[PDB]
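Worksheet for the structure shown next.
FYI the Cβ positions are ideal-geometry reconstructions off the backbone, even for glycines, and counts take in every protein chain you see. Just so it is clear, none of the values below were taken in a lab; they were calculated from the coordinates.
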Amino acid sequence: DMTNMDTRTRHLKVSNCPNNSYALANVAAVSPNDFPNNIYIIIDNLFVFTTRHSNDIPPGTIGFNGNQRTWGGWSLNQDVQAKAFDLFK
Amino acid sequence: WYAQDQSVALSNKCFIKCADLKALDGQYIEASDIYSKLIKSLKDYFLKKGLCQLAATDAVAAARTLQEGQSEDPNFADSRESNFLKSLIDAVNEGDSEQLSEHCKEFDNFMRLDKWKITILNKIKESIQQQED
Amino acid sequence: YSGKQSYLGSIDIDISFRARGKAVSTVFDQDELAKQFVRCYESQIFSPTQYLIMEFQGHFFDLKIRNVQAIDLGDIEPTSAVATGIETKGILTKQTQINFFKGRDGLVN
């Protein structure tokens with residue numbers, strides 16, 4: 001359910017994927033304190049990803065796999081802006 | 001115990017077995033050191049020393065082992081084993097795992113790789129591929 | 001050590017794909033690489049012919065300083081020749097004239 005959510009922008013760091021299973025999962029691994037579970041979030045108003053609760057990533061940081069960095073023109077430790085998403089509107 | 005008894009040949013058999021088992025057991029540095037003792041079959045000892053060094057992501061020590069054998073022992077300098085070792089070091093420095101495989105097939109074609117060399121060479125290849133990934 | 005020639009006036013770096021089977025032919029912008037290189041290695045002493053590993057766009061590169069030009073803080077016009085020896089040294093700054101060239105691979109364009 002995506003009706004209510006904190007849509008505030010956050011500055012998050014790019015990092016190596018926590019492991020291969022997470023890369024396969026194709027879900028932005030985020031700490032519980034960051035954002036809810038199983039919800040779509042946009043980054044730079046262009047790149048959409050599905051959040052999933054992940055205790056190995058501290059709050060304030062986002063994990064990415066290689067393909068997503070390839071798509072997004074990003075290096076590691078690059079600081080990016082992340083916001084909530086809601087495709088239906 | 002043989003080395004105390006001045007039985008060099010037996011002691012060398014013993015340290016060959018010890019070094020091979022150590023290298024297969026992941027103790028590459030210690031096996032390389034035992035191969036140094038064995039050096040101090042010689043061509044084979046040089047090869048194996050370099051190989052353990054390559055399994056320890058130690059390309060520079062492999063280069064020095066190659067140089068040592070080439071300068072100090074003329075039979076090793078011109079041997080197929082020295083050529084194989086230089087080619088492997090070159091591949092490792094290049095991060096080129098298929099080139100390593102190609103060199104392995106060539107050397108297998110002219111000098112059959114025993115099971116020990118195959119295991120260590122596979123470990124070296126895996127370390128290259130891991131750096132690539 | 002250097003007395004006055006303690007800053008980098010111009011620094012040339014040869015950039016290669018560490019993984020040359022993964023090579024990309026597109027034109028690379030020297031400035032983006034310059035930004036990230038300075039960001040990663042600001043306030044560090046550099047000498048020519050220095051092998052380094054640097055991440056860019058998911059593509060890892062070996063960066064080899066070709067030559068270092070050492071100047072003092074205050075030379076409006078760079079009068080120190082572009083030196084290639086290890087002896088010359090300088091601390092990386094944003095104002096350094098950074099030039100990038102064909103790596104050890106020769107594949108980068």
Give me the residue from region A:70-89 that is under 30 Å from residue C:54 (Cβ atoms) and of a type in the set (A, V, I, L, M) and, out of that set, farthest from the other protein chains (Cβ to nearest Cβ). A:82
For a quick check of your reading: which strands (runs of 3 or more DSSP E) sit entirely within region A:11-89 and have at least 1 residues that are over 11 Å from the mean Cα position of the chain (by Cα)? A:79-84
Restricted to region C:2-20, and to residues that are at negative phi and part of a loop (DSSP other than H, G, I, E, B), which residue is farthest from the other protein chains (Cβ to nearest Cβ)? C:4
So which helices (runs of 4 or more DSSP H) stay within region B:25-133 end to end and still have 1 or more residues that are basic (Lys, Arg) and away from chain C (no Cβ under 14 Å)? B:28-39, B:42-55, B:59-72, B:80-94, B:97-110, B:115-132
Give region A:1-24 a look and list any residue that's buried (at least 16 other Cβ atoms within 10 Å of the Cβ) and over 24 Å from residue C:56 (Cβ atoms), or say none. A:5, A:10
From A:44, A:56, A:34, A:1, which residue is over 24 Å from residue B:130 (Cβ atoms) and out of contact with any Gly (no Cβ under 8 Å at 6 or more places or on another chain)? A:1
If residue B:114 meets every condition in (1) within 14 Å of the chain's Cα centre (by Cα); (2) surrounded by 14 or more Cβ atoms within 10 Å (Cβ to Cβ); (3) more than 30 Å from residue C:52 (Cβ to Cβ) apart from one, which number is that one? (2)
Tally time: how many residues in region C:90-104 are out of contact with any helix residue (DSSP H, G or I) (no Cβ under 7 Å at 6 or more places or on another chain), more than 21 Å from residue C:18 (Cβ to Cβ) and surrounded by fewer than 19 Cβ atoms within 10 Å (Cβ to Cβ)? 4
For residues that are more than 14 Å from chain A (Cβ to nearest Cβ) and within 30 Å of residue B:99 (Cβ to Cβ), tally how many sit in region C:21-67. 13
Looking at (1) under 22 Å from residue B:95 (Cα atoms); (2) surrounded by fewer than 18 Cβ atoms within 10 Å (Cβ to Cβ); (3) acidic (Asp, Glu), which is the one condition that is false for residue C:62? (2)
Which condition from (1) within 14 Å of chain C (Cβ to nearest Cβ); (2) among the hydroxyl-bearing types (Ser, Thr, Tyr); (3) in contact with an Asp or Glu (Cβ under 9 Å, 6 or more places away or on another chain) is the one that residue A:51 breaks? (1)
